[PDB]
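According to the authors' numbering, the stretch in the sequence shown is residues 1 to 142, 151 to 500, in order.
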Amino acid sequence: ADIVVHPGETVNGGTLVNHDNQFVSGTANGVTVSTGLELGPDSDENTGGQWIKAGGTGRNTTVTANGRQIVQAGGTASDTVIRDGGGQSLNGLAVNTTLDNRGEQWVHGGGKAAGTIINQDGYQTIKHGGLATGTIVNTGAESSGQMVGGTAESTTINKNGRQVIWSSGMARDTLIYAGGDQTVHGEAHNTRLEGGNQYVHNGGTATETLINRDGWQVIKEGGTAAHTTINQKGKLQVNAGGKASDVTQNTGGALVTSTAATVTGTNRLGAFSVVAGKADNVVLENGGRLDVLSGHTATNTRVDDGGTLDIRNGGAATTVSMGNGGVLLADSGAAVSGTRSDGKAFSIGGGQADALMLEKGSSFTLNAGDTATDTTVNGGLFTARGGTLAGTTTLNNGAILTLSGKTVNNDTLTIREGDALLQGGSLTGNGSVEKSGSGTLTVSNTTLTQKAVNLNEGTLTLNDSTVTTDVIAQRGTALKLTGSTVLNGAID
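Here it is, written out as structure tokens:
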């Protein structure tokens, strides 16, 4: 059967089945289309369907599982519901289409889809020369979502929504909320990350990405970004071999990168750059992080609240400016100079550490053969694979000192406030341990040989340890020997 709807004619209802064609040159309203896609989109043998021809209009068409609506150039479709794997082939104009349950819309060259809502595994594909405007993408981030080989304008990507821009594709003016994603192999212009994510892949380019709160722009290796703005609690992340230029990093904006990436712009302290293995004036806060890799350098790094600076073995960082809440990860094989929050200078160089301040989150690793002098660990972590502690090594407020080899102390190890844990390995020498404050110093699974332990206040617990020293206790203290601990030889 071949129903024809002529210009000037308007038909209502009906259901197309069994390869029936309806050729619409007038208006067809409310037709249910259940044929024309029996063989699926990848065949070219299908027959049947609703053909909206040049000058014709299809309104309130429902396209079901085996249904195909073909909107030809000059044709118009309005309020189309496409469900259950049904499809509309679009060479004309479609307005306010809804795709549910794997319903599909293929926007061909010259075709224009305005206001498509993509729900629950629906799929809109924009081929070369195709156009979509006002697309609302509600699915694909849980083969679904929106694929852009042509052009997409004024797209909103909601929670669970995914938009993929193929290398030939272009997306302009995209709004991305929390739980929505855009993957860029092609071009993305003017993207607002309102909590959402944008992933720029190898060969992809993103221009004018605006990263608002909880937004995340990720530049993979071979990806490019130009004109990124990072607002408070937004994050730009540039991987090794990725590039981002003209980054405007506002206060509280997070930058996550390393010396293997390329990043240039301005932050609240002025121009900054990560170029050809060298960083300068990087400001790190709110999840910001800079990894300085072996053989590379960072100067004038500001590490503030929630910022992390990680200097690898063989990496260098100078004029590091540690602020309150700033985190430092370094080892004794690194070269570091800067100032702590309290204003005091610290340094690492030629295997010598001096005046390291390790707050909660910060960690230092002392390599075999090296020396750390006047370290204060205040809630942080200090790991020693060997080497020597010197000057006054202070362990306060949740400090952990983990030994994995033979470490030496001939000076003063002191706990003055809160709790501390010394664990593993071995600590020897003619040094002494001082314990004050009401906290507990736990020594666990360590061989501890020292001249004296001055137990002045609070609790000293010796668990599973072989200890060789003179414990000299005073009032206000408690000494516990637990597990397999052996002590040599006495307490005064």
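Every residue gets a Cβ at the ideal spot worked out from N, C-alpha and C, and that includes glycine.
Straight-line gap, residue i to residue j (C-alpha atoms, nearest Å)
{"i": "residue 73", "j": "residue 98", "result": "20 Å"}
{"i": "residue 298", "j": "residue 328", "result": "12 Å"}
{"i": "residue 113", "j": "residue 255", "result": "34 Å"}
{"i": "residue 70", "j": "residue 103", "result": "14 Å"}
{"i": "residue 160", "j": "residue 389", "result": "50 Å"}
{"i": "residue 249", "j": "residue 357", "result": "29 Å"}
{"i": "residue 493", "j": "residue 284", "result": "54 Å"}
{"i": "residue 110", "j": "residue 204", "result": "30 Å"}
{"i": "residue 289", "j": "residue 142", "result": "39 Å"}
{"i": "residue 483", "j": "residue 458", "result": "22 Å"}
{"i": "residue 263", "j": "residue 158", "result": "32 Å"}
{"i": "residue 406", "j": "residue 465", "result": "17 Å"}
{"i": "residue 349", "j": "residue 311", "result": "10 Å"}
{"i": "residue 422", "j": "residue 339", "result": "22 Å"}
{"i": "residue 306", "j": "residue 280", "result": "11 Å"}
{"i": "residue 162", "j": "residue 9", "result": "35 Å"}
{"i": "residue 488", "j": "residue 479", "result": "12 Å"}
{"i": "residue 438", "j": "residue 475", "result": "13 Å"}
{"i": "residue 40", "j": "residue 190", "result": "27 Å"}
{"i": "residue 243", "j": "residue 152", "result": "27 Å"}
{"i": "residue 89", "j": "residue 12", "result": "22 Å"}
{"i": "residue 257", "j": "residue 292", "result": "10 Å"}
{"i": "residue 43", "j": "residue 187", "result": "35 Å"}
{"i": "residue 294", "j": "residue 316", "result": "9 Å"}
{"i": "residue 272", "j": "residue 401", "result": "40 Å"}
{"i": "residue 82", "j": "residue 18", "result": "18 Å"}
{"i": "residue 418", "j": "residue 440", "result": "7 Å"}
{"i": "residue 447", "j": "residue 266", "result": "39 Å"}
{"i": "residue 65", "j": "residue 37", "result": "8 Å"}
CB-CB length for residue i against residue j, believed under 8 Å
{"i": "residue 125", "j": "residue 107", "result": "7 Å"}
{"i": "residue 372", "j": "residue 362", "result": "The pair is not a contact, with the Cβ atoms about 12 Å apart (cut-off 8 Å)."}
{"i": "residue 287", "j": "residue 309", "result": "7 Å"}
{"i": "residue 221", "j": "residue 198", "result": "Not quite, the Cβ-Cβ distance comes to about 18 Å (not below 8 Å), so this is no contact."}
{"i": "residue 485", "j": "residue 460", "result": "Incorrect: roughly 14 Å between the Cβ atoms, too far for contact."}
{"i": "residue 68", "j": "residue 33", "result": "7 Å"}
Where residue i falls: helix, strand or coil (DSSP)
{"i": "residue 19", "result": "coil"}
{"i": "residue 249", "result": "coil"}
{"i": "residue 144", "result": "Within the chain, residue numbering steps from 142 directly to 151, and residue 144 belongs to the interval with no atoms modelled."}
{"i": "residue 454", "result": "coil"}
{"i": "residue 240", "result": "coil"}
{"i": "residue 197", "result": "strand"}
{"i": "residue 273", "result": "strand"}
{"i": "residue 297", "result": "strand"}
{"i": "residue 267", "result": "coil"}
{"i": "residue 153", "result": "strand"}
{"i": "residue 50", "result": "strand"}
{"i": "residue 181", "result": "strand"}
{"i": "residue 352", "result": "coil"}
{"i": "residue 465", "result": "coil"}
{"i": "residue 320", "result": "coil"}
{"i": "residue 309", "result": "coil"}
{"i": "residue 495", "result": "strand"}
{"i": "residue 44", "result": "coil"}
{"i": "residue 471", "result": "strand"}
{"i": "residue 339", "result": "strand"}
{"i": "residue 220", "result": "coil"}
{"i": "residue 417", "result": "strand"}
{"i": "residue 290", "result": "coil"}
{"i": "residue 486", "result": "strand"}
{"i": "residue 31", "result": "coil"}
{"i": "residue 228", "result": "coil"}
{"i": "residue 12", "result": "strand"}
Spatial neighbours of residue i in its chain, beta-carbon cut-off 7 Å, leaving aside the 5 residues before and after
{"i": "residue 60", "result": "29, 30, 79"}
{"i": "residue 55", "result": "7, 25, 74"}
{"i": "residue 4", "result": "23"}
{"i": "residue 454", "result": "411, 430, 431, 432, 433, 434, 435, 473"}
Close Cβ partners of residue i (< 8 Å) along its chain, the five nearest in sequence each way excluded
{"i": "residue 53", "result": "23, 24, 25, 72, 74, 75"}
{"i": "residue 192", "result": "173, 179, 206, 207, 208, 209, 212, 213, 214, 231"}
{"i": "residue 156", "result": "126, 132, 171, 172, 173, 174, 177, 178, 179, 194"}
{"i": "residue 229", "result": "210, 247, 248, 249, 250"}
{"i": "residue 139", "result": "118, 119, 120, 121, 122, 153, 168, 169, 170"}
{"i": "residue 45", "result": "39"}
6 Å Cβ shell around residue i - same chain, five flanking residues per side excluded
{"i": "residue 451", "result": "430, 470, 473"}
{"i": "residue 381", "result": "362, 398, 399"}
{"i": "residue 385", "result": "366, 403, 407"}
{"i": "residue 224", "result": "205, 243"}
{"i": "residue 136", "result": "117, 164"}
{"i": "residue 343", "result": "324, 357"}
| Whole runs of the beta strand (DSSP E) within the segment 52-130, excluding any shorter than 3 residues | 57-59, 68-71, 76-78, 87-90, 93-95, 104-107, 112-114, 123-126
| Runs of beta strand (DSSP E) lying entirely within the segment 364-406, each at least 3 residues, in chain order | 365-367, 371-374, 379-381, 384-386, 389-392, 396-398, 400-404
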